[PDB]
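*Asks:* Before I ask anything, here's the sequence and the deposited coordinates:
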Amino acid sequence: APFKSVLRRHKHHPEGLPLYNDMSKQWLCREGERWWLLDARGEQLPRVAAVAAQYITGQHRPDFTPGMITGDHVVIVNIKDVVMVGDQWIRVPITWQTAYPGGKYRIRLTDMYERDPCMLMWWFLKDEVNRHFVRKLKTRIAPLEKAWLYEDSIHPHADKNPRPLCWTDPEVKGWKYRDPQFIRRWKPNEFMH
Amino acid sequence: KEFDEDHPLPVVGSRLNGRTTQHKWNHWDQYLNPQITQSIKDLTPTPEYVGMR
Amino acid sequence: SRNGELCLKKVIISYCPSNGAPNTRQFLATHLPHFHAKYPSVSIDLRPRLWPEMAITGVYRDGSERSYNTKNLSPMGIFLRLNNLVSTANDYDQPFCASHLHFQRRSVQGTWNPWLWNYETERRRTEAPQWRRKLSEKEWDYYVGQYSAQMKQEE
Amino acid sequence: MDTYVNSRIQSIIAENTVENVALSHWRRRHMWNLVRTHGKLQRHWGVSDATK
Amino acid sequence: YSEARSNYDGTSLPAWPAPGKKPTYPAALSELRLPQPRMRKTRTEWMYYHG
Amino acid sequence: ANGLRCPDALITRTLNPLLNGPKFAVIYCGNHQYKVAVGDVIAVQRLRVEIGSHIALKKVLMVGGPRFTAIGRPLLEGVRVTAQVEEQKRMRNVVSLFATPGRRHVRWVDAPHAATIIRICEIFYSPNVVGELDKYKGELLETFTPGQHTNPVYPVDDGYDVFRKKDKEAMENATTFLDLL
Amino acid sequence: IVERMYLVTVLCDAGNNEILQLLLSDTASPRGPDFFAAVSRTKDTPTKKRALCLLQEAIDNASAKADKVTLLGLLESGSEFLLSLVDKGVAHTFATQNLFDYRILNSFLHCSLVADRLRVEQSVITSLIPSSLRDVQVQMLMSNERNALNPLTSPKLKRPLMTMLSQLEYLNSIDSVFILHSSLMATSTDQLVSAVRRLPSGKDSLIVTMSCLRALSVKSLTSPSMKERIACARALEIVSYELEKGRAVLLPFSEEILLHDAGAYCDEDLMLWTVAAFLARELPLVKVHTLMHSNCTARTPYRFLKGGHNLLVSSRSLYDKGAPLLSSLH
Amino acid sequence: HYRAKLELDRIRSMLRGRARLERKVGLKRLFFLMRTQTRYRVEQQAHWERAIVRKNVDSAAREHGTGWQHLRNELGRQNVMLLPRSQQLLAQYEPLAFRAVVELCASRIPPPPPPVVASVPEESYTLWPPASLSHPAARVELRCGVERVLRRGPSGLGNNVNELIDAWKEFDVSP
Amino acid sequence: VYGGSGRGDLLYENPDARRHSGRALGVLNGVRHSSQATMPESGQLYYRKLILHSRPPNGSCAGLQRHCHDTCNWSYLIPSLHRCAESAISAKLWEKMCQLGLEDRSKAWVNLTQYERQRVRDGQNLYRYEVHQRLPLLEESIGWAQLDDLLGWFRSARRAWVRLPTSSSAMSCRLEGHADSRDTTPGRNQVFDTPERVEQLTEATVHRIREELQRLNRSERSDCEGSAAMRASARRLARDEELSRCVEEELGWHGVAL
Ligand SMILES: [Mg+2]
C-alpha cells in the first residue's frame, strides 16, 4: 500500500518549497524540452494564455501522457503591451478569499495591472492549467514554473535561443462577401460556333 | 467443422462444457443395465421430487 | 508451443484404483489415449494412491507449475482443462487492454522525437505575388488605371 | 542549446539502438576530468597503487 | 495473403481515370432536398456512402 | 516475392529497391486494429486455431517501411503477413461486482478474457502500381520523372500582411532535396 | 593537450569534428586515454571501428615501451570504450586478446592471488559460460535432464574462482545474494564484515564487480578524509581474501561485457542495477539485496538514473526477454 | 445476501493499517473499492481513454498543420477506416506513415467510388436451350471465379485460365 | 525456496503447500493485483518470487539483523553425520554388530533380531539422505577442511555401517525412477549421480588426508630443523603414532589404501 507521510514540507518550514525546474522526480522529463518565444503585442490575454498553456503542459506532443508532466519552456515577451477589448480592464473582476473573516478581496484588472503586469498572465495561465489539472498539486503547479514571464522586451534567456512560436487564433473567418463583377473574356472559337 | 484433416479444430472448451460435474446413474440407466446398482446412493427417488424447500 | 517446442513438460495426475470417484478413471480410460496420441511429447505421470488429490498439475519447461481442481468433475471437463494446460505457456499474466495488445513496443520507421518535424514550416500551394517586386508594364498600367479610376470617382 | 540539440539529432541519426539512461550521467561521472584538484592525491586515468 | 473486396464478386468501378482526364468526385453536401443550409457530409454519412 | 510490378519500366526500376528492409503492417483482425512488425508478438482475441500453427492475416489496412507506405481504402491486396500461433489462454481476470444498495443481492461475475498470443513471422508486399499520381491535382500523370518535383512548393511570405508572425529566416526559406535520385 | 581539449568539448556536448578528424587521421602518436574516453560518447560506427584499431595499436605500443601508468590509463579508457561499443563479440574478443582482466586486477591493492588465479583459470570459465543468456531457466532445466539421464547405464576436483556467468547454476541454489556497492565503504567496514559473516551459511552469497573494485581503489587513492581511505583499503583486502577463498562472486570484465546490453554505457551505479535486473529476470527465485549507503543516488534508480520519456520502454520492460536490461529502471 | 468475504479475504494485504489488521473493515473497504472500480470501468473509463487518444492524435495533426476535426472528416471521406488507437500508434511510432496519411487527406486525390451493385450478366436472358452444353451465364460465372482464384497470390495452377477451366476434360477418360 | 528450505536444510517443505498450518490460508501475503484472489496464478516464477520473498524468516532463514549460523564448515558437517549415525544406531547395537562382523565376516546375521535389522536399514537410509543433502556443502568445504574432520568423514560412515563406494554398501545404486518423470526443476539442489559424486568426493578427501599428513610431517621437520635439535614432545609423538594407525585402519575398513 502506498503511503504519503504526514510530515510534509510547509511554507513556514525552514526547508521551504522546491523548484520543479530543479527537481529530479520520476514523472519529470527534461530531455525533450524545447524553448519557444511568444510575443504578446496585441494578442488578447485569454487567447495568449491558452496558446502558452498548450505548449507548457506538453499537450502539443503526440506522446503526451497525463502522468508524465513534460513540456516546453515558453518565454512570453511584451506582457506590458498585452491588449484586452474595451471595458474589460474595468469590468472583469478578480476575487479571492483570505483566512481572516470577511477577507473577500476583489480587485480590477486595472488594479492588478498597475500592481504587476505579470500577475495577470500568471493568473490566466493558472486558470488555463487548472481547467484540466486541478486534482494533483504536482500536475497543477509543476507546469506553471515552465513559463518565463517578462514585462518589458529584454530577457536574460538569449542562450537557450527561443524560437519565435507562431500561432493562429480560432477567430479568423471570412464572412460571405458580394461576388465582384468583372468583364468576361471571350474566345474566337466561341464567337465562331 | 474442420475443412481439412491436417488442420483440426482446437480442444479449448467453453464454460458450459468445462463446468460439468460427473455423471450419476439415473433410473433409465439402472433399468437398462442393473449391473451398475452397487450402492444405496444409486437408489434415487422419483425424479418428480426436486428436494427440500 | 514456442518455435515448435511445447512449453508443458509433465502432467501429474493422481487417482485411486478401488476407492471411488470414477471421474478420473473415466478420463484415463476414454480420453487419455487420444490426448497421448495428439501430444506425445508431454509426459503423463500417473500416481495411484489411497486418498488421491482431486487435482491435475502441469509442470512446464521453466519450472512453473499450474494446478487445476477436478473434484467430482466430468472427464470431458478434465480433458478440457488438460488441453488448456498444454495450450497455455504459463510464463506471464498480463491483462487484455489497448496498452497490452502489443507485448513489446518497437518502431521500424523511427520513434517520434521533438526535433523531427520541428523545423518544417507551412507553405503555399502556388506562387503568391510579392509586395516588393519589379512591376512589369502591364501591371503598371493595370494598377495605375485602378488608382486613377478610384480617384476619378472620389473627385 | 543549439549545440545540444545538434548533438542530440546526430546521436538519434547514428545510434541504431535504444537509449534509456540519463544523458547527464556520463558528465556527472567524468566531471573529475573537468575539475582539477591540487592536493597530494589527484585522480588521473588508471590510478593504482603500482603508480603511487 | 489479402482480400480487396467491396461487393460479392470483388468488382468495383474504375477508381483511376484515364491519364490526363478529369477525375470524378463524390457529393460533399448532405443529401438534403433543400438547398439551404449547405452542410458538409459528416463521417457517419461518409461511412454510409462508402457502404 | 517482394517485388513491385507496373507497366511502366522506368517507375518499376525506380521503386523496386524502395521495398527492401523491415516492414510494419497495420492490420484489422478480431474487430481490432493492430500494428505488427517483423518480430513483434501480439495477443489477438480468441481464434479457433491449434497452437503452433502458421497462419496468414487477411485484412491489411496499411503497410510501411523506412522508405515507403501503402494505404488501403478501405483495404489492401497482395500483402502476405504470416504469423505463428504461440499460445492460447485466458488473460487477467476482471471482477465485476454488481451490488444494489437498496436490496440484498450481490453478483460476482469473473471475466477471464480468453485470447490467442501469436508471433508475426514474416511480412511481404508486392504491389501493382498504375502510375505516378499528382497530389495537388487529381489528374493521373501519364509520364514519370524521378528528378523533377511532381508538385513545386513555394514559401509563404507576401509582405502584404504587416502582422504576419515572422519565424526565423532559414525556417521560412529552406528548400528540399530530391529523394528519388 | 589536444585530446583532453576534445574530451572537454565532448563533455560540454559539442564535439569538435575538426579535432576529431585530426586525431583520427594523424598517425605516429599513441592516443592517450582522453581520446578513447571521448569517442565512447559518440555513436558513429566507423569512428568507433577506427578508435578500436587505434586502441589496439596504442595498447601494443604501451606494452612494448613498458610504461605502467600509461598502460593502466589506456586500460581504463579502453574498458569504457568496450562498454560503450555495440558488437559484444568483437568487444569480448578484444578484451580476451589484450588481457584486460589480469592487468587491471594486478593494479589493485591486494588483488594478486586472485589476479593470477583468474589469468590461469580463464580457459575454463570461458567454456563454462553459456552461449545466450536468454531462458537461463530452460537451459539449466535441460542440463538437469541431461544429468538425470545416466549415460553409463543407458579427476581431482578443485573449486575454481567464483564467477557469476560460469556459476549461474549456483545462484539458483543460493537463496540470498548481496550485491556490493562502493559507496557503502564510508567511515566503516562493519557492514561488509556482517555481509561476509553470512557467507559460510551456504545460503547467502556476495557479488562484487570489477567496476566496484575500481571505484573502491580510486576512492581509496583520492578522498577528502583518511577514514575513507583506510576503510576502502580494508574493504579491498577483505574482498580479495573472500575471492581467493572462493565464497564471494566476482564479475570479470569479459563477463561484464558479455552481460551488459549493447551500446549502453555502464559504471559503478548502472552495473549494480543491470546485474539486479538480469537476476530478477532470469533467476526469479533468488532474493537479491543491494548493500548501499544512505546517501548514494543510485539507490533510487527510477528518479535519478532514469532516462527521458522514451516510447520504446513500458512498465513491463523487465519481465520480457526482448528488452534490454537497462530498460527496467524506467 | 452474499457478501464477498471468502474471496476478498485474500486481498487484505493490499490495504494498510486497521483495514489490513481487522477483517470487517478491510472487507468493507475492498467491497467499496471493487464496486466503484467496476462502475468507473463500465460508465466512465472509455470516455477518458478516448479523450486522451483523441487529444494525442489532434496534437500530432496540429504539428503537421491540421486538426482532429478535418483529419477525421477526411479520413471518413477517403474511407481509410483507421481507429483512433491506430492513428495514435502511427503518430507515435511511424511519423512518416502518419504524415503520408495527412498528405493523402490534404491532396485532391479522388476517393474510391461507392461499391458497385451486383449486376446480372447479359447471357442470363438468352434462351437455353435455343432449340449437353453449359449455360452461358454459368460459364461466365465460372470464368470469373477462376480469374478471382488465380488473382489471389501465386500458385502452381498457372496464370492461364482456359487450361484451368478445362480440367474436367483432362479428368475425363477417353471412351 | 527462501523461506521454506535453504540449500543444506534437512527439512522438506513444499513451498506452495501449507502442510505445517493449523488454519486455512485466510490472507495472502504477496499480492500484486486485485485479481490475485480468485486465481492467484501461483507457481509462476514472477509471482511465487513475490510470495516466498514476502514470507517471513523462519528458524533456518536466519534473518538479516539476526546472526547466521556457520553451516558450510566441514568441522560442523562431519559431527552432524556422526550424531545422525549415533541417533540411528545405539551403542549396544553398534558393539553387537562390530563383534558379529569381526567374528563371522557378515555371515551370522541370524543372531540379530528383525527389529535390529530394520533399525540398521533405516539408519543407512537416513545417512544416505543426509549425505545427499550435505553433498554441495561438503564439496564447498573440502577446500579448507581439517585432518580430524577429514578422518571423521570415514569414522561416521563406519559407525553408520555404510561402505563408501570406490571405483554393507548402500551408496552403490541410485533410487529407481524414470528420468522423464523424475523432478528436474531448477533452483532445487538435487544431485542425480550420488554413487558417482560421493565416490569422487571420497577420492578427493583421501588425497586431502594425504596432503594434510604430509603438511604436518613437513611442518614438524621444519620446526626440528629450525630448532637444530631432535627434541619432540611426547604428546606430539603419541598423537602422530595413534593418528597414523587410526587412518590406516579406518581406511582399510572402507577399502581405500594410501
Ligand atoms: Mg469498456
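*Replies:* Perfect, thanks for sending it. Numbering: from 1, shown residues only, chains lettered A, B, ... in the order given.
*Asks:* Kindly report the residues of chain A close to chain G.
*Replies:* Contacts of chain A with chain G, taken as C-beta under 8 Å from any C-beta of the partner chain, map to A:24, A:25, A:26, A:29, A:30, A:31, A:32, A:63, A:65, A:68, A:70. C-beta coordinates here come from the backbone N, C-alpha and C atoms, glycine included.
*Asks:* wait, isn't the first one in contact with residue G:305?
*Replies:* Same thing as residue A:24. No. Taking contacts as C-beta atoms under 8 Å, residue A:24 lies outside contact range of residue G:305: 10.2 Å.
*Asks:* Neighbour count for the two, which is higher?
*Replies:* Under the criterion of other C-beta atoms under 10 Å in any protein chain shown, the comparison of residue A:24 against residue G:305 puts residue G:305 first, with 21 against 12.
*Asks:* Could you measure from that one over to residue H:161?
*Replies:* Using C-beta to C-beta, to the nearest Å, residue G:305 is found at 66 Å from residue H:161.
*Asks:* coming back round to it: of the residues of chain A next to chain G, which belong to strands?
*Replies:* Counting by DSSP state E, the residues of chain A next to chain G place none of their members in strands.
*Asks:* helices or strands next to whatever helix or strand residue I:83 lives in in the packing?
*Replies:* Assigned by DSSP states H and E, residue I:83 falls within helix I:74-88. Under the contact criterion of 3 or more C-beta pairs under 8 Å, 6 or more residues apart in numbering or on different chains; DSSP states H and E, helix I:74-88 touches helix I:114-141, helix I:147-159.
*Asks:* Out of these, which gets nearest to residue G:44?
*Replies:* helix I:114-141 (48.6 Å; C-beta to C-beta).
*Asks:* How about the residues of the stretch 101-250 of chain G by chain D?
*Replies:* Counting by C-beta under 8 Å from any C-beta, the stretch 101-250 of chain G sits next to chain D at G:106, G:107, G:108, G:109, G:217, G:218, G:221, G:222, G:223.
*Asks:* Adding secondary structure, distance to residue A:85 and neighbour count, write the residues you listed out as a markdown table.
*Replies:* Below are those laid out as a markdown table (DSSP: H, G, I helix; E, B strand; the rest coil; distance: C-beta to C-beta, whole Å; neighbours: other C-beta atoms under 10 Å in any protein chain shown):
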| residue | secondary structure | distance to residue A:85 | neighbour count |
| --- | --- | --- | --- |
| G:106 | coil | 80 | 16 |
| G:107 | coil | 75 | 23 |
| G:108 | coil | 76 | 23 |
| G:109 | coil | 77 | 21 |
| G:217 | helix | 71 | 21 |
| G:218 | helix | 67 | 20 |
| G:221 | helix | 71 | 20 |
| G:222 | coil | 67 | 18 |
| G:223 | coil | 67 | 17 |
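*Asks:* out of those, which one sits closest to chain E?
*Replies:* Nearest to chain E among those: residue G:218, at 61.4 Å, using C-beta to the nearest C-beta.
*Asks:* that older thread, tell me which residues in the helix holding residue I:83 are buried?
*Replies:* I:74, I:77, I:78, I:80, I:81, I:82, I:84, I:85, I:86, I:88 (16 or more other C-beta atoms under 10 Å in any protein chain shown).
*Asks:* Sticking with residue H:99, tell me its helix or strand.
*Replies:* helix H:95-106.
*Asks:* Quick one: distance of that helix to the chain centre.
*Replies:* Computed by C-alpha atoms, centre = their mean, to the nearest Å, the chain-centroid distance of helix H:95-106 equals 20 Å.
*Asks:* so what does that helix touch, helix or strand wise?
*Replies:* So helix H:95-106, by 3+ C-beta pairs under 8 Å, 6+ apart, packs with strand F:60-64, strand F:69-71, helix H:68-78, helix H:84-93.
*Asks:* does the last one come close to chain F?
*Replies:* Yes. Using C-beta under 8 Å from any C-beta, we find that helix H:84-93 touches chain F at H:85, H:86, H:89, H:90, H:93.
*Asks:* For PyMOL, what selects the buried ones among the residues you listed?
*Replies:* Restricted to buried positions by 16+ other C-beta under 10 Å, the PyMOL selection for the residues of helix H:84-93 next to chain F reads:
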select buried, chain H and resi 85+86+89+90+93
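*Asks:* any chance of the residues of helix H:84-93 next to chain F in TSV, plus distance to residue H:101?
*Replies:* Below are the residues of helix H:84-93 next to chain F laid out as TSV (distance: C-beta to C-beta, whole Å):
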residue	distance to residue H:101
H:85	14
H:86	10
H:89	12
H:90	7
H:93	14
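*Asks:* And the residues of helix H:84-93 next to chain F, which is closest to residue G:9?
*Replies:* Residue G:9 lies nearest to residue H:93 out of those, by C-beta to C-beta, at 34.0 Å.
*Asks:* Can you give me every residue that contacts the closest one?
*Replies:* Listed by C-beta atoms under 8 Å, 6 or more residues apart in numbering or on different chains, the contact set of residue H:93 reads C:105, C:106, C:107, C:109, C:111, C:112, F:35, G:311.
*Asks:* Pull up the residues of chain A that are close to chain B.
*Replies:* Neighbours of chain B within chain A, by C-beta under 8 Å from any C-beta: none found.
*Asks:* Contact residues of chain A facing chain H?
*Replies:* Applying C-beta under 8 Å from any C-beta, we find that chain A lies next to chain H at A:1, A:3, A:59, A:60, A:61, A:62, A:63, A:64, A:66.
*Asks:* biggest separation within the residues you listed, which pair?
*Replies:* Once C-beta to C-beta is applied, those give A:1 and A:60 as the farthest pair, at 36.6 Å.
*Asks:* that older thread, point out the most buried one among the helices and strands packed on helix I:74-88.
*Replies:* Comparing these by mean neighbour count (mean count of other C-beta atoms under 10 Å in any protein chain shown), helix I:147-159 ranks first with a mean of 20.
*Asks:* Chain C: helices as residue ranges?
*Replies:* Per DSSP state H, chain C carries helices over the ranges C:22-30, C:32-38, C:75-87, C:137-154.
*Asks:* With mean neighbour count and distance to residue I:140 as extra columns, can I get those in a markdown table?
*Replies:* Shown next, in a markdown table, are the helices of chain C (neighbours: other C-beta atoms under 10 Å in any protein chain shown; distance: least, C-beta to C-beta, whole Å):
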| stretch | mean neighbour count | distance to residue I:140 |
| --- | --- | --- |
| helix C:22-30 | 17 | 44 |
| helix C:32-38 | 13 | 43 |
| helix C:75-87 | 22 | 38 |
| helix C:137-154 | 10 | 99 |
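*Asks:* for residue 35, phi and psi?
*Replies:* In the absence of a named chain, chain A is used. The phi and psi values for residue A:35, taken as degrees, to the nearest 10, are phi -110, psi 120.
*Asks:* Hmm, no, I was thinking of chain H.
*Replies:* phi -60, psi -50.
*Asks:* For the residue in chain A positioned nearest to chain C, give me its contacts.
*Replies:* Using C-beta to the nearest C-beta, the single residue of chain A nearest to chain C is residue A:32, 4.6 Å away. By C-beta under 8 Å, 6+ apart, the contact set of residue A:32 is A:61, A:70, C:113, C:114, G:308, G:309.
*Asks:* just residue G:186 next, same as before
*Replies:* Residue G:186 makes contact with G:228, G:231, G:293, G:295, according to C-beta under 8 Å, 6+ apart.
*Asks:* now residue F:147
*Replies:* Counting by C-beta under 8 Å, 6+ apart, residue F:147 makes contact with F:178, F:180, F:181.
*Asks:* State which helix of chain F is the longest.
*Replies:* helix F:9-15.
*Asks:* Next secondary structure element downstream of that one?
*Replies:* Following helix F:9-15 in sequence order, the next helix or strand is strand F:24-29 (DSSP H and E).
*Asks:* what about the helix or strand following that next one, near chain C?
*Replies:* Once the chain leaves strand F:24-29, the next helix or strand it forms, by DSSP H and E, is strand F:32-36. Yes. In terms of C-beta under 8 Å from any C-beta, part of strand F:32-36 sits within range of chain C, namely F:32, F:34, F:35.
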